[PDB]
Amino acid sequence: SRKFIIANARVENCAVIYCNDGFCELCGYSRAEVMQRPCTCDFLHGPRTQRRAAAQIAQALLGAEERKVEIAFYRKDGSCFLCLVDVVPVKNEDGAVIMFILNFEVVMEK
């Protein structure tokens, strides 16, 4: 099951403007909760979440850079999962970034 969100690159906090069912089911947060949150998805952060990984994802968004970052995330129920976050900038003809697609894959459980 694919898990992904789409972020608005033209607002300061890169707000989530779409999230698919797979993503919501993965992390245990409903679409209503996820929508309009910064697409870094800090609400998934917990004890094992590496500062360096979080920083690297944030960097990719700032610099509109395509990048895969593997990071420990937490579902609503507290379970930890190692997640490969795939940051994909989508630019127009001019070269401006219009949105980001972020894909999430579970690497392994806990």
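One-based numbering along the sequence shown.
Averaged over Cα atoms, the B-factor as recorded in the entry is higher for 46 to 54 than for the other of 33 to 41 and 46 to 54. Between 23 to 31 and 58 to 66, it is 58 to 66 that carries the larger average Cα temperature factor according to the deposited entry. When the modelled residues of the chain are ordered by C-alpha B-factor, residue 108 sits in the highest third. Split the chain's modelled residues into thirds by C-alpha temperature factor. Residue 87 is in the lowest one.
Sorting the modelled residues of the chain by their CA temperature factor places residue 102 in the lowest third. When the CA B factors of the chain's modelled residues are split into thirds, the value for residue 16 lands in the lowest one.
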